[PDB]
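Here's the structure, in structure tokens; my notes come after.
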Amino acid sequence: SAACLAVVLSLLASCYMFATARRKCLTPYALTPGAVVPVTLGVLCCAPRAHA
Amino acid sequence: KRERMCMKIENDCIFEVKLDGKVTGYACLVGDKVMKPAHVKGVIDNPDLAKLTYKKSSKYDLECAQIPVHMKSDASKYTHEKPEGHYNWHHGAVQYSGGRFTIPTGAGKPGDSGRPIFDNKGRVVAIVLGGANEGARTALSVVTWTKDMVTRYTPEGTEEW
């Protein structure tokens, strides 16, 4: 049970900090007037898409 | 025709936000989106803007959210130029020098954030937050971009309105 708790907390923390990293990836490029996803810098390297 | 364009484009763009009759921040309309200072709380006056979900920023204290297609007639040009001149916001002109935005003392007051700054060609430049007093002139704090990657510029001791 302790091993299972350790692995589940590790995976949960990893997923949470992946989410934080995803936010930090392009929260500035969600901003700025006009513009689009860089594409040439990242297309799906950090899942930076929401429809169009 | 010099600042008549300014007051004409000021209408239908700035929106009112007040907790209880206390105007705190104003919302702009450019870039197919809406910006506002996230450090100050409130509620938008327009019912349509209230229901739509909105993002949030930690240290950049800005915000971006998608606008629907029934207000496509209130968008500015949003192209970046960096000369050393004037940009004449809603109260007074604007003095710029050494990469710094500067205002005459007494031309602004606390609780007046949210006023956008746009070049005299009718083209939005940045959004004003506030500043601090050093002598006969007061500094500013705005956000500037080069086609992307908005960046802040806050001199030491600055204080947002």
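Simple scheme: letters A, B, ... for chains in structure tokens order, numbers from 1 for residues in each chain, numbers from 1 for ligands in the order shown.
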
Per residue of chain B within 9 Å of chain A, record the nearest atom pair and its distance in Å to one decimal, counting only C-alpha atoms, with rows in chain order and ascending residue number, as a Markdown table.
| residue | atom | partner | partner_atom | distance |
| --- | --- | --- | --- | --- |
| B:30 | CA | A:33 | CA | 6.5 |
| B:31 | CA | A:33 | CA | 4.0 |
| B:32 | CA | A:34 | CA | 6.6 |
| B:33 | CA | A:33 | CA | 7.5 |
| B:35 | CA | A:31 | CA | 8.4 |
| B:55 | CA | A:30 | CA | 8.8 |
| B:56 | CA | A:27 | CA | 8.7 |
| B:57 | CA | A:27 | CA | 7.5 |
| B:60 | CA | A:28 | CA | 8.7 |
| B:62 | CA | A:31 | CA | 8.1 |
| B:63 | CA | A:31 | CA | 7.1 |
| B:64 | CA | A:31 | CA | 5.5 |
| B:65 | CA | A:30 | CA | 8.5 |
| B:78 | CA | A:33 | CA | 6.3 |
| B:79 | CA | A:33 | CA | 8.5 |
| B:145 | CA | A:32 | CA | 7.1 |
| B:146 | CA | A:32 | CA | 9.0 |
| B:147 | CA | A:35 | CA | 6.8 |
| B:148 | CA | A:32 | CA | 5.4 |
| B:149 | CA | A:28 | CA | 5.7 |
| B:150 | CA | A:32 | CA | 6.1 |
| B:151 | CA | A:28 | CA | 8.9 |

Quick one: write out the picked residues with N, CA and C atoms as an mmCIF file, in the first residue's frame?
data_model
loop_
_atom_site.group_PDB
_atom_site.id
_atom_site.type_symbol
_atom_site.label_atom_id
_atom_site.label_comp_id
_atom_site.auth_asym_id
_atom_site.auth_seq_id
_atom_site.Cartn_x
_atom_site.Cartn_y
_atom_site.Cartn_z
ATOM 1 N N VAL B 30 -8.922 45.087 -28.671
ATOM 2 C CA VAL B 30 -8.013 45.032 -29.810
ATOM 3 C C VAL B 30 -7.377 43.651 -29.826
ATOM 4 N N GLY B 31 -6.984 43.202 -31.017
ATOM 5 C CA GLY B 31 -6.380 41.895 -31.156
ATOM 6 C C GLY B 31 -7.348 40.739 -31.100
ATOM 7 N N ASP B 32 -8.627 40.978 -31.404
ATOM 8 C CA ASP B 32 -9.666 39.947 -31.338
ATOM 9 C C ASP B 32 -9.756 39.366 -29.928
ATOM 10 N N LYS B 33 -9.592 40.229 -28.927
ATOM 11 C CA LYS B 33 -9.488 39.804 -27.537
ATOM 12 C C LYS B 33 -9.676 41.020 -26.634
ATOM 13 N N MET B 35 -8.146 42.869 -22.937
ATOM 14 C CA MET B 35 -7.111 42.959 -21.918
ATOM 15 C C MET B 35 -7.603 43.795 -20.743
ATOM 16 N N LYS B 55 -8.924 33.928 -19.018
ATOM 17 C CA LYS B 55 -7.648 33.416 -18.533
ATOM 18 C C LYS B 55 -7.176 34.246 -17.341
ATOM 19 N N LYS B 56 -5.929 34.036 -16.927
ATOM 20 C CA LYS B 56 -5.352 34.778 -15.815
ATOM 21 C C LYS B 56 -3.838 34.623 -15.861
ATOM 22 N N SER B 57 -3.138 35.674 -15.440
ATOM 23 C CA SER B 57 -1.683 35.702 -15.423
ATOM 24 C C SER B 57 -1.188 35.967 -14.007
ATOM 25 N N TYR B 60 2.516 38.920 -14.853
ATOM 26 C CA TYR B 60 2.261 39.915 -15.890
ATOM 27 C C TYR B 60 0.973 40.695 -15.666
ATOM 28 N N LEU B 62 -1.982 40.582 -16.579
ATOM 29 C CA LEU B 62 -2.796 40.850 -17.755
ATOM 30 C C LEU B 62 -3.817 39.725 -17.908
ATOM 31 N N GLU B 63 -4.557 39.756 -19.012
ATOM 32 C CA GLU B 63 -5.616 38.780 -19.221
ATOM 33 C C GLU B 63 -5.995 38.783 -20.692
ATOM 34 N N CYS B 64 -6.235 37.593 -21.238
ATOM 35 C CA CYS B 64 -6.708 37.430 -22.605
ATOM 36 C C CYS B 64 -7.920 36.514 -22.633
ATOM 37 N N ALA B 65 -8.906 36.880 -23.448
ATOM 38 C CA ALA B 65 -10.106 36.077 -23.622
ATOM 39 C C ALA B 65 -10.684 36.360 -24.999
ATOM 40 N N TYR B 78 -2.958 47.652 -33.842
ATOM 41 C CA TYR B 78 -2.058 46.805 -33.050
ATOM 42 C C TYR B 78 -0.802 46.402 -33.835
ATOM 43 N N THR B 79 -0.016 47.422 -34.174
ATOM 44 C CA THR B 79 1.305 47.227 -34.756
ATOM 45 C C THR B 79 2.305 48.075 -33.980
ATOM 46 N N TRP B 145 5.340 44.965 -26.662
ATOM 47 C CA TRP B 145 5.564 43.738 -27.405
ATOM 48 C C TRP B 145 6.184 44.071 -28.752
ATOM 49 N N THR B 146 6.850 43.078 -29.339
ATOM 50 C CA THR B 146 7.311 43.138 -30.724
ATOM 51 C C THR B 146 6.662 41.967 -31.455
ATOM 52 N N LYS B 147 5.414 42.176 -31.887
ATOM 53 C CA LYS B 147 4.594 41.200 -32.602
ATOM 54 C C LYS B 147 4.234 39.998 -31.732
ATOM 55 N N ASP B 148 4.817 39.920 -30.534
ATOM 56 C CA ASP B 148 4.561 38.840 -29.588
ATOM 57 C C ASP B 148 5.270 39.125 -28.269
ATOM 58 N N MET B 149 5.211 38.169 -27.339
ATOM 59 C CA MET B 149 6.004 38.150 -26.105
ATOM 60 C C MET B 149 5.960 39.500 -25.376
ATOM 61 N N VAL B 150 4.754 39.822 -24.896
ATOM 62 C CA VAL B 150 4.571 41.020 -24.085
ATOM 63 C C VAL B 150 5.566 41.025 -22.932
ATOM 64 N N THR B 151 6.157 42.192 -22.683
ATOM 65 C CA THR B 151 7.160 42.360 -21.643
ATOM 66 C C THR B 151 6.852 43.611 -20.838
#

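Neighbouring residues of residue B:18 at 8 Å or closer, counting only C-alpha atoms and skipping chain neighbours under 5 positions away, are residues 23, 24, 25, 42, 43 and 44 of chain B.
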
Write to file, as a compact mmCIF listing (two decimals), in the first residue's frame, the residues of the selection just made, with N, CA, C and O atoms.
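Contents of result24.txt, as written:
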# COMPACT_ATOMS: atom_id res chain seq x y z
N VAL B 23 -15.29 52.95 -9.90
CA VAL B 23 -14.58 52.57 -11.13
C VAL B 23 -13.12 52.30 -10.79
O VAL B 23 -12.44 53.11 -10.16
N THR B 24 -12.65 51.11 -11.17
CA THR B 24 -11.28 50.70 -10.87
C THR B 24 -10.46 50.45 -12.13
O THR B 24 -9.39 51.04 -12.29
N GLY B 25 -10.93 49.60 -13.03
CA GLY B 25 -10.18 49.26 -14.22
C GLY B 25 -11.05 49.29 -15.46
O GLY B 25 -12.26 49.08 -15.41
N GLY B 42 -13.20 43.10 -9.98
CA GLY B 42 -14.39 43.81 -10.39
C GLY B 42 -15.27 42.94 -11.26
O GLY B 42 -15.03 41.73 -11.40
N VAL B 43 -16.29 43.57 -11.83
CA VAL B 43 -17.24 42.90 -12.71
C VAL B 43 -17.48 43.79 -13.92
O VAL B 43 -17.60 45.01 -13.80
N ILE B 44 -17.53 43.17 -15.10
CA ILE B 44 -17.74 43.93 -16.33
C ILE B 44 -19.18 44.40 -16.41
O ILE B 44 -20.11 43.75 -15.91

Two-atom distance - atom CA of residue B:28, atom CA of residue B:10 (Å): 9.4 Å

Length of the atom CA of residue B:69 to atom CA of residue A:44 vector [Å]: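 Going from atom CA of residue B:69 over to atom CA of residue A:44, I get 27.6 Å.
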
Using only C-alpha atoms, which protein or nucleic acid residues come within 8 Å of residue B:142? Drop anything in the same chain fewer than 4 positions from it, and give the result as a VMD selection string. chain B and resid 101 126 to 130 152 to 154

Residues within 10 Å of residue B:121, only C-alpha atoms, excluding chain neighbours under 5 positions, as a list in words: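 Answer for this query is residues 2, 5, 6, 77 and 87 of chain B.
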
Just the selected residues (C-alpha atoms), exported as a compact mmCIF listing (two decimals), in the first residue's frame, please.
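File written: part-v4.txt
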# COMPACT_ATOMS: atom_id res chain seq x y z
CA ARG B 2 -5.34 65.94 -34.28
CA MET B 5 -9.57 60.72 -33.71
CA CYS B 6 -8.43 59.90 -30.17
CA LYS B 77 -4.48 48.24 -35.67
CA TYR B 87 1.23 59.31 -27.65

Can you work out the spacing between atom CA of residue B:91 and atom CA of residue B:58 in Å, to one decimal?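 So the two atoms, atom CA of residue B:91 and atom CA of residue B:58, lie 29.2 Å apart.
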
Need the shell around residue A:22: protein/DNA/RNA residues with any atom at most 8 Å away, counting only C-alpha atoms. Skip same-chain ones fewer than 2 positions apart. Format as a VMD selection string? chain A and resid 18 to 20 24 to 26 46 to 48

Could you find all residues in chain A that DSSP calls helix (DSSP H, G or I) from the backbone, and write them as number ranges by chain? A: 2-30

Extract, using only C-alpha atoms, all DNA, RNA and protein residues at most 9 Å from residue B:158, discarding same-chain residues fewer than 5 positions from it, and format them as an mmCIF file with C-alpha atoms, in the first residue's frame.
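As written to disk, selection05.cif reads:
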data_model
loop_
_atom_site.group_PDB
_atom_site.id
_atom_site.type_symbol
_atom_site.label_atom_id
_atom_site.label_comp_id
_atom_site.auth_asym_id
_atom_site.auth_seq_id
_atom_site.Cartn_x
_atom_site.Cartn_y
_atom_site.Cartn_z
ATOM 1 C CA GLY B 130 0.748 53.469 -12.850
ATOM 2 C CA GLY B 131 3.899 55.211 -11.755
ATOM 3 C CA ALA B 132 5.827 57.023 -9.047
ATOM 4 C CA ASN B 133 6.852 60.629 -8.469
ATOM 5 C CA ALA B 139 7.248 57.515 -14.290
ATOM 6 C CA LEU B 140 4.846 55.000 -15.842
ATOM 7 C CA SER B 141 4.466 51.223 -16.024
#

Of the candidates B:88, B:76, B:53, B:102, which one gets nearest to residue B:134 if we count only C-alpha atoms?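 The closest residue to residue B:134 is B:102.
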